[PDB]
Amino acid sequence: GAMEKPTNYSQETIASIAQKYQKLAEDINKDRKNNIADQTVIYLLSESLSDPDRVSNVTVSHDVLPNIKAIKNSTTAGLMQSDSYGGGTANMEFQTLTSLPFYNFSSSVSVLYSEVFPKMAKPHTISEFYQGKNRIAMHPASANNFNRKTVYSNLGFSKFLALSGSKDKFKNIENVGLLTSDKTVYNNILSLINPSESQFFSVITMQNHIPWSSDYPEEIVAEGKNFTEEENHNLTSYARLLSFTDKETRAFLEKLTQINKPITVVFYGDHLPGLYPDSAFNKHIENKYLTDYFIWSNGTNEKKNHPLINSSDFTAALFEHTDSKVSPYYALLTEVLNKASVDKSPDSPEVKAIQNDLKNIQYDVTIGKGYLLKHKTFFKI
């Protein structure tokens, strides 16, 4: 099955969890001034983006993420633990939207959008707080890859810009490398931002997807210890492509600062590019699964301390960064973010206690009994 049933799963356990997080949400909201629905929010999955400087045995002639590193220094930012290497985009994507961690589902599950999403009777996501007309998805490939068209349709999205398979198209398409440039994606976001509305964007880039082809900037060269010629060439091409993403990401944020609407971007790489041999990580194999993320608003930014989080934690972190009031569900997810996520020991009693709360909710809304249907305020702010 898709998930193990918690040993204490029952109507009474779900009731206890719902009452517990109802009170915690009230406690949290006493110190949260803002409303999430007053913010336009962009979830920006930057395909295969991850600083090569963290790969121990790699040397790059130049810093290829200088602007993104400066952004990370200025706002809530850190490392994201990914569930896969060289692929798995849609699984990280699912976790950002639902906040349900892949690590709590069965190891038999390969793709959440195909095996778990269709079984959810009433999937709760960050997008539900926005009007359907203001929910926009964007991905420069087929809308049907990884079942995305079905997912975004069932989430009530008004638009899904795709290269094929949707009525919604990207404008002024240009390639940087072999695939659609990040500049194209960013400029298409900007053209759809409507300051008179609160909008939710779910964006999945393609520029830095395998295979990597770039001859310039020629001064950017990269090598790894004992790498083959092919490995070094792929790393060099990838680093060159990152340099464009880095500059275009800065230019994108600069444009967002000039829009008279509160806008927050959750930016993250989904997984490392699948070009490094295991030897590249030299006894620090954890770095095979650690990408960069930041959470940046177009006004004043706090910098909350979250050096290592999971993709499923982004929504709770977004509420905290924007000082937005939470539902009981997001109160639980805030407890996960702070006390029970991937930076903590899974053997810690506190981690296990909070994870038991989460697993019961996660089971209930996927393949369980839907006991939460009787707790009408659990997902409400």
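Residues carry their position along the shown sequence, with the first being 1.
The mean C-alpha temperature factor is higher for 29-37 when 44-52 and 29-37 are set side by side. In this crystal structure, the stretch out of 292-300 and 141-149 whose C-alpha atoms carry the higher mean B factor is 292-300. When the C-alpha B factors of 195, 132, 165, 86 are read from the deposited coordinates, the top value falls at 195. Within the group 241, 285, 309, 189, the record's highest C-alpha temperature factor is found at 285. Among all modelled residues in this chain, the alpha-carbon of residue 224 has a temperature factor (C-alpha) in the highest third.
Looking at the C-alpha B-factors along this chain, the one for residue 119 belongs to the highest third. Annotation for residue 270: C-alpha temperature factor in the lowest third relative to the rest of the modelled chain, per the entry. Ranked within its chain, residue 256 lands in the middle third, by CA B factor from the PDB record. When all modelled residues of the chain are sorted by CA temperature factor, residue 231 is found within the middle third.
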